[PDB]
């Protein structure tokens, strides 16, 4: 608001220029490359992302190349990062850019914001870093920093609250170098102004911070500690040939873990067991199996639910037509398919049990 913004900016950027970290997506400011990195970093920590970004870009060097890829290739590249919709949207958006915008990522916030997977944070991030457009790039990190600097006690969960912080950015932003400013802000929240025990002693902008002066940084920002989970018990069948082929299946185009492959499963609700599994299997494609007592139970967390998995090894005797989205996959071909992490562990637990 009021506020010595000009020198705040000089302190922040001075720090950022010096203390800046080595990240592959910083090695240049190609809008495609920048855009990929910001999609990968969504709800994902920087260290996690680094090898993904490197492999992805290596496999899909240009915007054009991502557009020409089969959806499944792109999914496999994303295997493990989570929030798999991001990659379906990125793929789609890049096709639109190739057709509608002739391969070049739009530097107008409205054109860009209309693309799939691109929300307000990503508009600011990508366009400021890659094009110097002075849009705010407000995310969790920035709101933490700003909530502390200006002692803003709004629930960081409310839709309206990001808009409040964006306005604060608009006011204090350094329009000379919006990209640098934006990233500095973000990287400060990321490395220094951390959720617990921020490193205020080392903070380039300590002198401007109200939270610090009032000794309340650690009770900011305010966010609902939001409860629940929903536990979801789930039986999983790892069924093999005499021939080494394994029965796997492809999840639906939408909903949870869209288009990923899995070992066949169903929700046991209680913990009755392989019975429903045996029924499944049978009820589908002929298929008579002999399931043989669970080899492991383990939990697997999603943001909005937990799978309680129990995995049943089993043997196959045949099944007229296995069709639909099911498949008999030779063991050595399992690596070609994209599995959610849950089922990669299912397979790991399984392959172990039968050394």
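Numbering follows the first chain given and starts at 1.
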Per the entry, higher mean C-alpha B factor between 239-247 and 136-144
239-247
Return whichever of 321-329 and 37-45 has the greater mean Cα B factor according to the PDB record.
321-329
Out of 69, 301, 291, 309, which one has a C-alpha B factor higher than all the others in the entry?
291
Top Cα B-factor in this entry, restricted to 88, 274, 76, 170, sits on 274
By the recorded C-alpha temperature factor, relative to the other modelled residues in its chain, which third is residue 51 in?
lowest
Looking at the temperature factor on the CA atom of residue 102, which third of the chain's modelled residues does it land in?
highest
When the modelled residues of the chain are sorted by Cα temperature factor, does residue 10 land in the lowest, middle or highest third?
lowest
Residue 279: CA temperature factor from the record, placed by chain third, in the highest
Using the B-factor values recorded in the entry, state whether the Cα atom of residue 157 falls in the lowest, middle or highest third among the modelled residues of its chain.
highest
